[PDB]
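Below you will find one chain, with nothing else, as structure tokens; this is the form deposited in one PDB entry, and questions on how it binds or moves follow later.
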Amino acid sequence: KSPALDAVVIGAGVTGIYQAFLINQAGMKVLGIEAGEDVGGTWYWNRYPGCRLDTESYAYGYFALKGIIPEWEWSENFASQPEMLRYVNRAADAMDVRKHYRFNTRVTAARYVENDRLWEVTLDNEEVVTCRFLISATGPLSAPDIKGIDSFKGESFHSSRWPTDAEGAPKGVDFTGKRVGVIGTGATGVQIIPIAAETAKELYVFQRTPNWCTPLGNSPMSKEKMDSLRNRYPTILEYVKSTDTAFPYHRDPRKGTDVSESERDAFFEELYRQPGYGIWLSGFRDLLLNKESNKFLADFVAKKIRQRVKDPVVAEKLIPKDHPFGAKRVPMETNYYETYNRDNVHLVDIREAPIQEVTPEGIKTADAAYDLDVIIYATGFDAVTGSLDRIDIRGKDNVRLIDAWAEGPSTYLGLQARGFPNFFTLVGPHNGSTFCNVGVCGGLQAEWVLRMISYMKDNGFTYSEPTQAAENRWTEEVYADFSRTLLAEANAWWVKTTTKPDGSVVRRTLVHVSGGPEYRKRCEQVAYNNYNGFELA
């Protein structure tokens, strides 16, 4: 039996729609599947107030850099979610990609059929479609275990499904007269909190531990700036393809320990005040390698927080004590810290007073009862464990992907796993999503996968799977790269350590941290050498 499709692509975010576009442009048959009503992924799902890029719009805008929608005009240096959604909609118009997709459809299971070298893909546990290759673009992030949520009698908002009007704007964003509680001070919370505080009668921020945040420095984009950027796109593209993260930044050549205190302070002050991520990405070369260097920057950011927040007790609570700066994807913010100088804003330390439950009346901590009218659940993400866990994926000998990866992801090139032929995982933490400009990283990744599938078609190969040796060597190489950074000591659970039935010890990181260009170079050496390390038939 032969599959009906060359490929199924799961997800209609930026990654998935471009993979689908590429496959179709190449003359192959592709079906996209998407749970939502339309395209956008992130930019479709996340509708909460303050939702905005951390990457310069022009640098994230790969579909414009690549000449798919080159006329696109950005209105701001760091585009808001509604603009991002318009960009993805326009890109999808230009790629004519919607016709290849099933919308409002969840892939519930995928099983590899060994006799027939194809995937049976189950849609909403009913229809089954067959394809030669299965490609996940289910998103680099996934996603509250609090007693009593269902009992609250006021309004509940969840940042991941913020209610919208018929025009797609967020409902109930005016909190005039309302006592509001926000739980969470990750990326979403720090975008939500300063906006909610503008109208709430009282705002309580329930925070377990603070993250490092830096100011975004967003501003409108002039027509003149937009035109000069567009004229520079061929250069901008070459640049972002050459940096380690694919953001438009590269590390300072110097070690922080080599620079005087006075020079360090001046350098940091300039970068802190420059819009975007430079404070981190343009920082000293040893910032994520060396504790002293890291501490220089963390101390500087801490000093900036103390400047910006009036009450020294409150300030201290907002400054991380227990983790290096940049050990997580750093939230950027617009007047977040100054929000706490407002008289109607209160920080509730729930490490010291954990939440016992949500009640009909509001929130109960170990120490106090907060009567609220509104609760906003500003829930975090896992940028670490990946988005495939909700799909029943079965490879050879009916093995679960979740079991195969129990001791940590095991892949070759971060793209296929032994046991799961003709299955490609785009854009996930195990291949670099966590610290990438995903607009660019993911687009380049989809192009490599296109080239592999085309090669297979040209040669009449219908089977691909990593060897055990190549998968093992890769996975050890990725771990060793990870193990030389401060991430390893700071995020201990990002590493899975397993002593084998005999005595030897296996270590795998959940998160690939290797430089983009080095990673892509290794992928091309493999592709050039007839996909050496993949068995093909």
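Start at 1 and count along the sequence shown; that's the residue number. If you superpose the two forms and keep the largest set of C-alpha atoms that fall within 1.5 Å, you have the rigid core. Shifts are known only where both forms have a C-alpha.
There is also a form deposited in another entry; it is not shown, and the following applies to it.
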Single mover in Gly256, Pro215, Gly386, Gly184, with Cα shift of 2 Å or more between the shown form and the other one when the core is superposed: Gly386
With both forms fitted on the core, give yes or no for whether the Cα of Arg484 moves by 2 angstroms or more between the shown form and the other one. no
Return yes or no for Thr499: a CA shift of at least 2 Å between the shown form and the other one, with the rigid core superposed? yes
Using the form shown as baseline, tell whether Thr214 and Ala383 are closer or farther in Cα-Cα distance in the other form, where the change reaches 3 Å or more. farther
Checked in the other form: CA of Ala7 to CA of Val384 differs by 3 Å or more, atoms lying closer
Return the sequence-ordered list of stretches, each of 3 or more consecutive shared residues, in which all C-alpha shifts are 2 angstroms or more between the shown form and the other one following rigid core superposition. 381-387, 499-504
